[PDB]
Each structure stands twice: as C-alpha cells, then as structure tokens.
>>> print(open('entry-v1.txt').read())   # compact mmCIF, C-alpha atoms
# COMPACT_ATOMS: atom_id res chain seq x y z
CA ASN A 1 0.00 0.00 0.00
CA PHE A 2 2.73 2.41 1.02
CA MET A 3 5.16 3.33 -1.77
CA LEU A 4 7.95 5.82 -1.17
CA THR A 5 10.91 6.60 -3.41
CA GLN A 6 13.67 9.20 -3.06
CA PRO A 7 16.14 8.59 -5.91
CA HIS A 8 18.25 11.75 -5.47
CA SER A 9 18.09 13.36 -2.06
CA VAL A 10 20.21 15.94 -0.27
CA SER A 11 18.67 16.26 3.16
CA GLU A 12 19.66 18.01 6.37
CA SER A 13 17.42 17.47 9.38
CA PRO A 14 18.21 17.82 13.08
CA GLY A 15 15.49 15.47 14.25
CA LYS A 16 14.39 11.87 14.45
CA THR A 17 13.68 11.46 10.77
CA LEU A 18 11.75 8.31 9.86
CA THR A 19 9.44 7.20 12.65
CA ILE A 20 7.38 4.43 11.08
CA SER A 21 4.66 2.54 12.92
CA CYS A 22 1.44 0.52 12.44
CA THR A 23 1.57 -0.69 8.88
CA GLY A 24 -0.99 -3.08 7.52
CA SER A 25 -2.17 -6.21 5.82
CA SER A 26 -1.27 -8.11 2.65
CA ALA A 27 -3.33 -11.11 1.56
CA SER A 28 -1.92 -11.95 -1.85
CA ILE A 29 -1.96 -14.69 -4.48
CA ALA A 30 0.89 -14.94 -7.03
CA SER A 31 1.84 -11.34 -6.30
CA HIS A 32 5.03 -9.66 -7.47
CA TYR A 33 6.63 -7.23 -5.01
CA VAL A 34 9.51 -6.23 -7.23
CA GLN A 35 12.58 -4.08 -6.60
CA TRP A 36 15.93 -3.94 -8.27
CA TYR A 37 19.01 -1.86 -8.94
CA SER A 66 17.48 -5.57 -26.73
CA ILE A 67 16.55 -5.33 -23.06
CA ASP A 68 13.63 -7.06 -21.36
CA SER A 69 12.53 -6.81 -17.75
CA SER A 70 9.80 -9.36 -17.06
CA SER A 71 7.61 -10.28 -14.14
CA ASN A 72 4.90 -12.67 -15.26
CA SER A 73 1.79 -14.38 -13.91
CA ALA A 74 -0.05 -17.06 -15.88
CA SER A 75 -3.68 -18.15 -16.26
CA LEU A 76 -4.96 -19.54 -12.97
CA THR A 77 -8.35 -20.67 -11.64
CA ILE A 78 -9.78 -20.01 -8.18
CA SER A 79 -13.09 -21.57 -7.18
CA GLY A 80 -14.35 -20.44 -3.79
CA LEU A 81 -12.96 -18.13 -1.14
CA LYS A 82 -14.36 -17.01 2.18
CA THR A 83 -12.58 -14.76 4.63
CA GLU A 84 -13.64 -12.99 7.81
CA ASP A 85 -11.21 -10.56 9.37
CA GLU A 86 -11.10 -8.24 12.38
CA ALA A 87 -8.16 -5.83 12.40
CA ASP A 88 -7.53 -3.34 15.20
CA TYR A 89 -4.47 -1.11 15.01
CA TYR A 90 -3.25 1.04 17.90
CA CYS A 91 -0.44 3.57 17.67
CA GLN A 92 -0.12 6.22 20.36
CA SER A 93 2.52 8.96 20.49
CA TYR A 94 2.72 10.91 23.75
CA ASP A 95 5.45 13.51 23.90
CA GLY A 96 6.79 16.51 25.77
CA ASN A 97 5.88 16.18 29.43
CA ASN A 98 3.08 13.92 30.57
CA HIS A 99 1.42 13.16 33.89
CA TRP A 100 -1.12 10.42 34.75
CA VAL A 101 -1.94 9.93 31.06
CA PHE A 102 -4.04 6.88 30.18
CA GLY A 103 -4.08 5.32 26.73
CA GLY A 104 -5.76 2.41 25.02
CA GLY A 105 -8.58 0.18 26.19
CA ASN B 1 -3.00 3.35 -1.88
CA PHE B 2 -0.31 5.77 -0.79
CA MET B 3 2.15 6.76 -3.52
CA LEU B 4 4.92 9.27 -2.83
CA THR B 5 7.91 10.10 -5.01
CA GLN B 6 10.62 12.73 -4.57
CA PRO B 7 13.15 12.19 -7.39
CA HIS B 8 15.22 15.36 -6.86
CA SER B 9 14.99 16.92 -3.44
CA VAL B 10 17.05 19.49 -1.58
CA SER B 11 15.45 19.74 1.83
CA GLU B 12 16.37 21.46 5.09
CA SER B 13 14.07 20.85 8.05
CA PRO B 14 14.80 21.16 11.76
CA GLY B 15 12.09 18.76 12.86
CA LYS B 16 11.03 15.15 12.98
CA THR B 17 10.38 14.79 9.28
CA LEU B 18 8.50 11.63 8.29
CA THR B 19 6.15 10.46 11.03
CA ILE B 20 4.15 7.69 9.38
CA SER B 21 1.42 5.75 11.15
CA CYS B 22 -1.77 3.70 10.59
CA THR B 23 -1.57 2.54 7.01
CA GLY B 24 -4.09 0.15 5.57
CA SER B 25 -5.20 -2.97 3.81
CA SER B 26 -4.23 -4.82 0.63
CA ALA B 27 -6.23 -7.82 -0.54
CA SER B 28 -4.76 -8.60 -3.93
CA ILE B 29 -4.73 -11.30 -6.60
CA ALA B 30 -1.83 -11.48 -9.11
CA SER B 31 -0.94 -7.89 -8.32
CA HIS B 32 2.26 -6.15 -9.40
CA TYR B 33 3.80 -3.74 -6.88
CA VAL B 34 6.70 -2.68 -9.03
CA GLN B 35 9.74 -0.51 -8.32
CA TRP B 36 13.11 -0.31 -9.93
CA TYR B 37 16.18 1.81 -10.52
CA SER B 66 14.99 -1.65 -28.38
CA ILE B 67 14.00 -1.47 -24.73
CA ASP B 68 11.07 -3.26 -23.10
CA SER B 69 9.91 -3.08 -19.51
CA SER B 70 7.19 -5.66 -18.91
CA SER B 71 4.96 -6.65 -16.03
CA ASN B 72 2.29 -9.05 -17.24
CA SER B 73 -0.82 -10.81 -15.97
CA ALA B 74 -2.59 -13.48 -18.00
CA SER B 75 -6.21 -14.60 -18.46
CA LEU B 76 -7.53 -16.05 -15.21
CA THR B 77 -10.93 -17.23 -13.96
CA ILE B 78 -12.43 -16.64 -10.52
CA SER B 79 -15.74 -18.25 -9.60
CA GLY B 80 -17.07 -17.18 -6.22
CA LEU B 81 -15.74 -14.90 -3.51
CA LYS B 82 -17.22 -13.84 -0.19
CA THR B 83 -15.50 -11.61 2.31
CA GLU B 84 -16.63 -9.89 5.50
CA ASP B 85 -14.26 -7.46 7.14
CA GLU B 86 -14.22 -5.19 10.18
CA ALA B 87 -11.31 -2.75 10.29
CA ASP B 88 -10.75 -0.29 13.14
CA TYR B 89 -7.71 1.97 13.03
CA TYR B 90 -6.56 4.09 15.97
CA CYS B 91 -3.78 6.66 15.82
CA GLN B 92 -3.53 9.27 18.56
CA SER B 93 -0.93 12.03 18.78
CA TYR B 94 -0.79 13.93 22.07
CA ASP B 95 1.90 16.56 22.31
CA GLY B 96 3.18 19.55 24.23
CA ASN B 97 2.22 19.15 27.88
CA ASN B 98 -0.59 16.85 28.93
CA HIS B 99 -2.29 16.02 32.21
CA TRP B 100 -4.82 13.24 32.99
CA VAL B 101 -5.57 12.80 29.28
CA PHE B 102 -7.62 9.74 28.32
CA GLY B 103 -7.59 8.23 24.85
CA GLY B 104 -9.21 5.34 23.07
CA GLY B 105 -12.03 3.06 24.16
CA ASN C 1 -5.86 6.95 -3.74
CA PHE C 2 -3.22 9.39 -2.56
CA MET C 3 -0.72 10.44 -5.23
CA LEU C 4 2.00 12.97 -4.46
CA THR C 5 5.01 13.88 -6.57
CA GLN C 6 7.69 16.52 -6.05
CA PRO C 7 10.27 16.06 -8.83
CA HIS C 8 12.30 19.25 -8.22
CA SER C 9 12.00 20.74 -4.77
CA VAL C 10 14.00 23.30 -2.83
CA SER C 11 12.34 23.48 0.55
CA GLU C 12 13.19 25.15 3.85
CA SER C 13 10.85 24.46 6.77
CA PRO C 14 11.52 24.71 10.50
CA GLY C 15 8.82 22.27 11.51
CA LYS C 16 7.79 18.64 11.55
CA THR C 17 7.21 18.34 7.83
CA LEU C 18 5.37 15.18 6.76
CA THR C 19 2.99 13.93 9.44
CA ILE C 20 1.05 11.18 7.71
CA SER C 21 -1.68 9.18 9.40
CA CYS C 22 -4.84 7.11 8.76
CA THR C 23 -4.57 6.00 5.16
CA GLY C 24 -7.04 3.61 3.64
CA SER C 25 -8.08 0.52 1.81
CA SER C 26 -7.05 -1.27 -1.39
CA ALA C 27 -9.00 -4.27 -2.64
CA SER C 28 -7.46 -4.97 -6.02
CA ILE C 29 -7.36 -7.63 -8.74
CA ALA C 30 -4.42 -7.73 -11.20
CA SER C 31 -3.58 -4.14 -10.33
CA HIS C 32 -0.38 -2.35 -11.33
CA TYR C 33 1.09 0.02 -8.74
CA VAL C 34 4.01 1.15 -10.83
CA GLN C 35 7.02 3.34 -10.03
CA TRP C 36 10.41 3.61 -11.59
CA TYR C 37 13.46 5.77 -12.09
CA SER C 66 12.60 2.60 -30.02
CA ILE C 67 11.55 2.71 -26.39
CA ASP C 68 8.61 0.87 -24.84
CA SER C 69 7.39 0.97 -21.27
CA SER C 70 4.70 -1.65 -20.75
CA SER C 71 2.42 -2.71 -17.93
CA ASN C 72 -0.19 -5.12 -19.22
CA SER C 73 -3.31 -6.93 -18.03
CA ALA C 74 -5.02 -9.59 -20.14
CA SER C 75 -8.61 -10.73 -20.68
CA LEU C 76 -9.97 -12.25 -17.47
CA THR C 77 -13.38 -13.50 -16.30
CA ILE C 78 -14.94 -12.98 -12.87
CA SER C 79 -18.24 -14.65 -12.03
CA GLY C 80 -19.64 -13.64 -8.65
CA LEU C 81 -18.38 -11.39 -5.89
CA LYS C 82 -19.92 -10.41 -2.57
CA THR C 83 -18.27 -8.20 0.00
CA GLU C 84 -19.47 -6.56 3.19
CA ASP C 85 -17.15 -4.13 4.91
CA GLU C 86 -17.18 -1.91 7.99
CA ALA C 87 -14.30 0.56 8.19
CA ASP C 88 -13.81 2.98 11.09
CA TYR C 89 -10.80 5.26 11.07
CA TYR C 90 -9.72 7.35 14.06
CA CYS C 91 -6.96 9.95 14.01
CA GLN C 92 -6.79 12.51 16.79
CA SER C 93 -4.22 15.30 17.10
CA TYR C 94 -4.16 17.14 20.42
CA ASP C 95 -1.50 19.79 20.75
CA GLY C 96 -0.28 22.76 22.75
CA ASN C 97 -1.30 22.30 26.37
CA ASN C 98 -4.09 19.94 27.33
CA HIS C 99 -5.84 19.04 30.58
CA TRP C 100 -8.35 16.22 31.26
CA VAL C 101 -9.03 15.84 27.54
CA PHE C 102 -11.04 12.77 26.49
CA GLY C 103 -10.93 11.33 22.99
CA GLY C 104 -12.49 8.44 21.14
CA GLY C 105 -15.30 6.12 22.14
CA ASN D 1 -8.89 10.26 -5.67
CA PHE D 2 -6.30 12.70 -4.40
CA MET D 3 -3.78 13.84 -7.00
CA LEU D 4 -1.10 16.39 -6.13
CA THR D 5 1.94 17.38 -8.17
CA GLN D 6 4.57 20.05 -7.55
CA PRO D 7 7.21 19.67 -10.29
CA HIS D 8 9.18 22.87 -9.58
CA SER D 9 8.79 24.30 -6.11
CA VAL D 10 10.71 26.85 -4.09
CA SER D 11 8.99 26.95 -0.74
CA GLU D 12 9.75 28.56 2.61
CA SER D 13 7.37 27.80 5.47
CA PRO D 14 7.96 27.99 9.21
CA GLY D 15 5.27 25.49 10.12
CA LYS D 16 4.30 21.85 10.08
CA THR D 17 3.79 21.61 6.35
CA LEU D 18 2.02 18.44 5.19
CA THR D 19 -0.39 17.12 7.80
CA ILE D 20 -2.26 14.37 5.98
CA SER D 21 -5.00 12.30 7.58
CA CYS D 22 -8.11 10.20 6.84
CA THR D 23 -7.76 9.17 3.23
CA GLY D 24 -10.16 6.77 1.62
CA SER D 25 -11.13 3.69 -0.28
CA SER D 26 -10.01 1.98 -3.49
CA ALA D 27 -11.89 -1.02 -4.84
CA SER D 28 -10.28 -1.64 -8.20
CA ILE D 29 -10.09 -4.25 -10.96
CA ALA D 30 -7.10 -4.27 -13.37
CA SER D 31 -6.33 -0.69 -12.42
CA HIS D 32 -3.14 1.16 -13.33
CA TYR D 33 -1.75 3.51 -10.66
CA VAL D 34 1.19 4.72 -12.68
CA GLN D 35 4.15 6.93 -11.78
CA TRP D 36 7.57 7.28 -13.26
CA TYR D 37 10.60 9.49 -13.67
CA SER D 66 10.13 6.63 -31.67
CA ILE D 67 9.01 6.66 -28.05
CA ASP D 68 6.06 4.75 -26.59
CA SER D 69 4.77 4.78 -23.04
CA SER D 70 2.11 2.11 -22.62
CA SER D 71 -0.20 0.96 -19.87
CA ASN D 72 -2.76 -1.45 -21.25
CA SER D 73 -5.87 -3.33 -20.16
CA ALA D 74 -7.51 -5.97 -22.34
CA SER D 75 -11.07 -7.16 -22.97
CA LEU D 76 -12.47 -8.75 -19.82
CA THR D 77 -15.88 -10.06 -18.74
CA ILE D 78 -17.51 -9.63 -15.33
CA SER D 79 -20.81 -11.35 -14.59
CA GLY D 80 -22.29 -10.43 -11.22
CA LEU D 81 -21.11 -8.21 -8.39
CA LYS D 82 -22.73 -7.31 -5.09
CA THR D 83 -21.16 -5.13 -2.45
CA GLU D 84 -22.44 -3.56 0.75
CA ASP D 85 -20.19 -1.13 2.56
CA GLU D 86 -20.31 1.03 5.68
CA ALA D 87 -17.47 3.54 5.97
CA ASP D 88 -17.07 5.91 8.93
CA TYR D 89 -14.09 8.23 9.00
CA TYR D 90 -13.10 10.28 12.05
CA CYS D 91 -10.37 12.91 12.10
CA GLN D 92 -10.29 15.43 14.93
CA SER D 93 -7.76 18.24 15.33
CA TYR D 94 -7.79 20.03 18.69
CA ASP D 95 -5.18 22.71 19.12
CA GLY D 96 -4.04 25.66 21.19
CA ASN D 97 -5.12 25.12 24.79
CA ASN D 98 -7.90 22.71 25.65
CA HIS D 99 -9.70 21.72 28.84
CA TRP D 100 -12.18 18.86 29.43
CA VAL D 101 -12.79 18.54 25.69
CA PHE D 102 -14.73 15.46 24.55
CA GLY D 103 -14.54 14.08 21.03
CA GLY D 104 -16.02 11.21 19.10
CA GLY D 105 -18.82 8.83 20.00
CA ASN E 1 2.95 -3.44 1.93
CA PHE E 2 5.74 -1.05 2.84
CA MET E 3 8.12 -0.22 -0.01
CA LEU E 4 10.96 2.24 0.50
CA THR E 5 13.89 2.93 -1.82
CA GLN E 6 16.68 5.49 -1.57
CA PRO E 7 19.09 4.80 -4.46
CA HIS E 8 21.26 7.94 -4.11
CA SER E 9 21.19 9.60 -0.73
CA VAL E 10 23.38 12.18 0.96
CA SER E 11 21.92 12.59 4.42
CA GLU E 12 23.00 14.38 7.58
CA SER E 13 20.81 13.93 10.65
CA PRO E 14 21.68 14.33 14.32
CA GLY E 15 18.95 12.04 15.59
CA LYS E 16 17.81 8.46 15.87
CA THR E 17 17.01 8.00 12.21
CA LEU E 18 15.02 4.86 11.40
CA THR E 19 12.74 3.84 14.25
CA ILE E 20 10.62 1.07 12.77
CA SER E 21 7.91 -0.74 14.70
CA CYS E 22 4.65 -2.72 14.33
CA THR E 23 4.69 -4.00 10.78
CA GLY E 24 2.06 -6.37 9.52
CA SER E 25 0.81 -9.51 7.91
CA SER E 26 1.61 -11.48 4.75
CA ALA E 27 -0.51 -14.47 3.75
CA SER E 28 0.81 -15.39 0.33
CA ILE E 29 0.68 -18.18 -2.24
CA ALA E 30 3.47 -18.51 -4.85
CA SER E 31 4.49 -14.92 -4.21
CA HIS E 32 7.68 -13.30 -5.46
CA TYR E 33 9.37 -10.86 -3.08
CA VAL E 34 12.22 -9.94 -5.37
CA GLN E 35 15.33 -7.83 -4.84
CA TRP E 36 18.64 -7.76 -6.58
CA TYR E 37 21.74 -5.74 -7.35
CA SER E 66 19.80 -9.75 -25.04
CA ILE E 67 18.95 -9.42 -21.36
CA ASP E 68 16.04 -11.08 -19.57
CA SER E 69 15.01 -10.75 -15.95
CA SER E 70 12.26 -13.24 -15.15
CA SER E 71 10.11 -14.08 -12.17
CA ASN E 72 7.35 -16.45 -13.20
CA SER E 73 4.24 -18.08 -11.76
CA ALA E 74 2.33 -20.77 -13.64
CA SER E 75 -1.33 -21.81 -13.93
CA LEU E 76 -2.56 -23.12 -10.58
CA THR E 77 -5.94 -24.18 -9.17
CA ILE E 78 -7.29 -23.44 -5.70
CA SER E 79 -10.60 -24.93 -4.60
CA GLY E 80 -11.78 -23.72 -1.21
CA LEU E 81 -10.30 -21.39 1.37
CA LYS E 82 -11.62 -20.18 4.70
CA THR E 83 -9.75 -17.92 7.07
CA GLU E 84 -10.73 -16.08 10.24
CA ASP E 85 -8.23 -13.66 11.71
CA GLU E 86 -8.02 -11.29 14.67
CA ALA E 87 -5.05 -8.92 14.59
CA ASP E 88 -4.32 -6.39 17.34
CA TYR E 89 -1.23 -4.22 17.04
CA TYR E 90 0.08 -2.03 19.87
CA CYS E 91 2.92 0.45 19.53
CA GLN E 92 3.33 3.14 22.17
CA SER E 93 6.01 5.84 22.20
CA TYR E 94 6.31 7.84 25.42
CA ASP E 95 9.08 10.40 25.47
CA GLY E 96 10.50 13.42 27.25
CA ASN E 97 9.67 13.17 30.94
CA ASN E 98 6.85 10.97 32.17
CA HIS E 99 5.25 10.29 35.54
CA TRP E 100 2.68 7.61 36.50
CA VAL E 101 1.79 7.07 32.84
CA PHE E 102 -0.38 4.04 32.05
CA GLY E 103 -0.51 2.41 28.63
CA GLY E 104 -2.27 -0.49 27.01
CA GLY E 105 -5.10 -2.66 28.28
>>> encode(input="entry-v1.txt", output="structure tokens")
Amino acid sequence: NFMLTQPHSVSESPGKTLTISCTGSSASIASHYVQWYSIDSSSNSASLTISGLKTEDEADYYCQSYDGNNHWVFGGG
Amino acid sequence: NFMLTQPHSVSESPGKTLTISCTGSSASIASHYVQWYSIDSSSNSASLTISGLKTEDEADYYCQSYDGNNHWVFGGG
Amino acid sequence: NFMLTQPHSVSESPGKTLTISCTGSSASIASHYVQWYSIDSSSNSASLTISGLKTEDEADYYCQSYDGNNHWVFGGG
Amino acid sequence: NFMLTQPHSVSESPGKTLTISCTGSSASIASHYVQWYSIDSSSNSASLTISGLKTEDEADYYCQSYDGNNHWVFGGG
Amino acid sequence: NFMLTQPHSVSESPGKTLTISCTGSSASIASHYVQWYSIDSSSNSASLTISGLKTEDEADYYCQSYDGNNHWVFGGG
C-alpha cells in the first residue's frame, strides 16, 4: 500500500527522521513485489483458476505517540 | 494506496520529518507492486478465472498524537 | 488513492514536515502500482473473467491530534 | 482520488507543512496507478468479462484536530 | 505493503534516524518478493488451481512511544 521513493536526495534534518509505525495487511496470491538496482525486464503471472474463497477478518491497530511532558496519562482500552 | 515520489529533493528541516502511522489494507490477486532503478519493460498478468468470492471485514484503526504538555488525558475506548 | 510527486523541490521548513496518518483501503485484482526511475514501457493486463463477488465491509478510522497544552481531555469512544 | 503534483517548487514555510490524515477507499479491478521518472509509453488493459457483483459497505471516518489550549474537551462517539 | 527505496542519498541527521515498529501480515501463495543488485530478468508463476479457502483472523497491534519526561503514565489494556 505504502510506496515511497527518493532517488536523489540531499537532506539536512536535526530530528528523528523516519518514525514508522502501524503498517498493515497483505493477503496476496501470485503477487510480485519487485525491486531492483534488446533489453527485457519481465515479471509474469499465468492463467490460474480459483473456485471459492471465504474470509472474515477483524483488524484493530493502535499507535499512540505521547510527547513533551506527561502526567497520569491513560491510553488504550 | 499511498504513492509518494521525490526524485530530486534538496530539503532542510529542523524537525522530525516523516512520522508515518496507521496505514491500511491490501487484498490482492496477481498484483504487481513494481519498483526499480529496443528497450522493453514488462509486467504481465494473463487470463484467469475466478468463480465465487465472499469476504466480510471489520477494520478499526486508531492513531492518537498527544503533544506539548498533557495532564490526565484519556484516549481510546 | 493518494498520489503525491515533487520532482524538483527546494524546501526550507523549520517544523515537523510530513505527518502522515490514517490512510485507507485497497482491494485490487491484477492491479499495477508502478514506479520507476525505439523505447517501450509496458504494464499489461489480459482478458480475465470474474463470475460472482460479494463483499461486506465496515471501516472505522480514528486519528486525533491534540497539541499545545491539554488538561483532562477525552478522545475516542 | 487525491492527485497532487509540484514539479518545480521553491517553498519557505515555518510550520508543520504536510499534515495528511483520513484518506479513503479503493476497490479496483485491473487498475493502473502509474508513476515514473520513436518513443512509446504504454499501460494497457484488455477485454475482460464480469458477470455479477454485489457489495455492501459502511465507511465511517473520524479525524479530529484540537489545538491551542484545551480543557475537558470530549470528542467522538 | 511497505516499499521504500533510496538509491542515491546524501543525508546528515543528528537524531535516531530509522525507528521502525509494528509492521504487519503477509498471507501469500506462490508470491515473489524480489530484490537484486539480449537481457532477460524473469520471475514467473504458472497456472494453478485453488478450490476452497476459509480464514478467520483477529489482529491487534500495539505500539506506544512515550518520550521526554513521564510520571505515573499508564498504557495499554
């Protein structure tokens, strides 16, 4: 779901840069998650058959960020 | 869902730059999530058959950001 | 859903720049989420058949941002 | 749904610049979400058949932004 | 789900740079998670058959980040 590219970056940052939390779900079939460094690049999926699928899902994500100065702070349930 | 590209960036930022939280869901079939660094680039999916699908989903996402100075603060349920 | 490109950026910002939260949902079939750095670029999907689909979804997203100075603040349910 | 491009930007901003929250939903079939850095660019979808689809969805999005100075503030349900 | 590339980076950052927590789920079948350093690159999946699938999942993710100076702070359940 999340796609991020920075092919030419000059960056100056006094701070905690990449704070990454609570990503998600991937239910995949013959998927191609592809990354690399007459020309032919080829990622190929053929002719499949799927008959019957049933899924039931309950997803609960919790990310809490409490900063500065905190006192008797309650988070969550 | 989320697509972000910065191919030529000169950036100065005194702060916590990329704070990334609570991304989502990917239910995919023969999907191509593609990234790379006579020419032919090729990502190919063929001729499939799917008969019957049933899905039931409950998704609850929670991201809370409490900053500065906080006192007896309650979050969530 | 969210598409953001900055191919040539000169940016100065004293602040927390990219605060990204609560993205969404992707239910896809043979999808092409494509990013790269006689010419032919080619992303191809062929001739498929889908018979019967049934989906029931309940999505609840919660993002709360409480800043400055806060006291006995209640958020959520 | 959300498309944002800034190909040549000179920007000065003392503030938290991109605060992005509560994006949405993508239910797609053979979709092409395309981004890159005799010429031929080609993204192609062929001749498919879909017989019967039924979907029932309930989406509830909640984004709350409480700033400055707050006291006994209640948000949500 | 999470894809991040930085092919040419010059970065200066006095801070804890990559703080990565609470990633997710991958339920995959014949999937290709591909990374490398007349030309032909080829990742290939053939013509399979799947009859009947049933899955029921409950996922609860918890990431909490409490910083600065904290006193009697309660997190979680």
>>> atom_distance(input="entry-v1.txt", atom1="atom CA of residue D:98", atom2="atom CA of residue E:92")
22.8 Å
>>> closest_atom_pairs(input="entry-v1.txt", of="chain D", to="chain B", cutoff="9 Å", atoms="all atoms listed in the file", output="CSV")
residue,atom,partner,partner_atom,distance
D:16,CA,B:15,CA,8.8
D:24,CA,B:1,CA,8.7
D:25,CA,B:1,CA,8.3
D:26,CA,B:1,CA,7.3
D:30,CA,B:31,CA,8.7
D:33,CA,B:3,CA,8.8
D:35,CA,B:5,CA,8.4
D:36,CA,B:5,CA,8.7
D:37,CA,B:7,CA,7.3
D:76,CA,B:75,CA,8.7
D:100,CA,B:101,CA,9.0
>>> atom_distance(input="entry-v1.txt", atom1="atom CA of residue C:10", atom2="atom CA of residue B:10")
5.0 Å
>>> atom_distance(input="entry-v1.txt", atom1="atom CA of residue A:67", atom2="atom CA of residue E:9")
27.3 Å
>>> axis_aligned_box(input="entry-v1.txt", around="stretch 71-84 of chain A", padding_each_side="5 Å", output="JSON")
{"center_x": -3.4, "center_y": -15.9, "center_z": -4.2, "size_x": 32.0, "size_y": 21.3, "size_z": 34.1}
>>> decode(input="entry-v1.txt", residues="stretch 81-94 of chain A", atoms="N, CA, C and O atoms", output="PDB file, in the first residue's frame")
ATOM      1  N   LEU A  81     -13.710 -18.688  -2.260  1.00  0.00           N
ATOM      2  CA  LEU A  81     -12.957 -18.129  -1.145  1.00  0.00           C
ATOM      3  C   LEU A  81     -13.899 -17.495  -0.140  1.00  0.00           C
ATOM      4  O   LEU A  81     -14.874 -16.837  -0.517  1.00  0.00           O
ATOM      5  N   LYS A  82     -13.595 -17.669   1.140  1.00  0.00           N
ATOM      6  CA  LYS A  82     -14.362 -17.008   2.184  1.00  0.00           C
ATOM      7  C   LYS A  82     -13.418 -16.564   3.287  1.00  0.00           C
ATOM      8  O   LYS A  82     -12.697 -17.379   3.887  1.00  0.00           O
ATOM      9  N   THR A  83     -13.416 -15.266   3.549  1.00  0.00           N
ATOM     10  CA  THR A  83     -12.579 -14.759   4.626  1.00  0.00           C
ATOM     11  C   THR A  83     -13.346 -13.796   5.514  1.00  0.00           C
ATOM     12  O   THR A  83     -14.200 -13.031   5.045  1.00  0.00           O
ATOM     13  N   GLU A  84     -13.057 -13.878   6.812  1.00  0.00           N
ATOM     14  CA  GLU A  84     -13.641 -12.988   7.806  1.00  0.00           C
ATOM     15  C   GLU A  84     -12.531 -12.468   8.705  1.00  0.00           C
ATOM     16  O   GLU A  84     -11.824 -13.248   9.365  1.00  0.00           O
ATOM     17  N   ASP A  85     -12.373 -11.151   8.718  1.00  0.00           N
ATOM     18  CA  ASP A  85     -11.214 -10.558   9.369  1.00  0.00           C
ATOM     19  C   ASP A  85     -11.623  -9.429  10.297  1.00  0.00           C
ATOM     20  O   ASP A  85     -12.541  -8.660   9.995  1.00  0.00           O
ATOM     21  N   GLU A  86     -10.929  -9.339  11.430  1.00  0.00           N
ATOM     22  CA  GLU A  86     -11.098  -8.243  12.376  1.00  0.00           C
ATOM     23  C   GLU A  86      -9.719  -7.683  12.688  1.00  0.00           C
ATOM     24  O   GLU A  86      -8.898  -8.352  13.332  1.00  0.00           O
ATOM     25  N   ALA A  87      -9.463  -6.464  12.226  1.00  0.00           N
ATOM     26  CA  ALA A  87      -8.164  -5.830  12.399  1.00  0.00           C
ATOM     27  C   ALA A  87      -8.322  -4.581  13.248  1.00  0.00           C
ATOM     28  O   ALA A  87      -9.155  -3.723  12.943  1.00  0.00           O
ATOM     29  N   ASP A  88      -7.528  -4.488  14.312  1.00  0.00           N
ATOM     30  CA  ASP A  88      -7.527  -3.337  15.204  1.00  0.00           C
ATOM     31  C   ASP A  88      -6.092  -2.869  15.373  1.00  0.00           C
ATOM     32  O   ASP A  88      -5.244  -3.609  15.893  1.00  0.00           O
ATOM     33  N   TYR A  89      -5.819  -1.652  14.927  1.00  0.00           N
ATOM     34  CA  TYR A  89      -4.469  -1.115  15.009  1.00  0.00           C
ATOM     35  C   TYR A  89      -4.439   0.013  16.028  1.00  0.00           C
ATOM     36  O   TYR A  89      -5.353   0.841  16.071  1.00  0.00           O
ATOM     37  N   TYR A  90      -3.377   0.054  16.832  1.00  0.00           N
ATOM     38  CA  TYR A  90      -3.247   1.041  17.898  1.00  0.00           C
ATOM     39  C   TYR A  90      -1.834   1.594  17.877  1.00  0.00           C
ATOM     40  O   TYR A  90      -0.875   0.875  18.187  1.00  0.00           O
ATOM     41  N   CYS A  91      -1.703   2.863  17.514  1.00  0.00           N
ATOM     42  CA  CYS A  91      -0.441   3.573  17.667  1.00  0.00           C
ATOM     43  C   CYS A  91      -0.674   4.880  18.404  1.00  0.00           C
ATOM     44  O   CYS A  91      -1.490   5.712  17.977  1.00  0.00           O
ATOM     45  N   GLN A  92       0.042   5.049  19.512  1.00  0.00           N
ATOM     46  CA  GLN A  92      -0.123   6.220  20.357  1.00  0.00           C
ATOM     47  C   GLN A  92       1.230   6.877  20.570  1.00  0.00           C
ATOM     48  O   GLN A  92       2.219   6.195  20.871  1.00  0.00           O
ATOM     49  N   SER A  93       1.272   8.198  20.401  1.00  0.00           N
ATOM     50  CA  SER A  93       2.516   8.957  20.491  1.00  0.00           C
ATOM     51  C   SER A  93       2.324  10.085  21.490  1.00  0.00           C
ATOM     52  O   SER A  93       1.633  11.067  21.194  1.00  0.00           O
ATOM     53  N   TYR A  94       2.922   9.945  22.673  1.00  0.00           N
ATOM     54  CA  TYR A  94       2.724  10.906  23.752  1.00  0.00           C
ATOM     55  C   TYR A  94       4.068  11.562  24.014  1.00  0.00           C
ATOM     56  O   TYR A  94       5.034  10.881  24.396  1.00  0.00           O
TER      57      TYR A  94
END
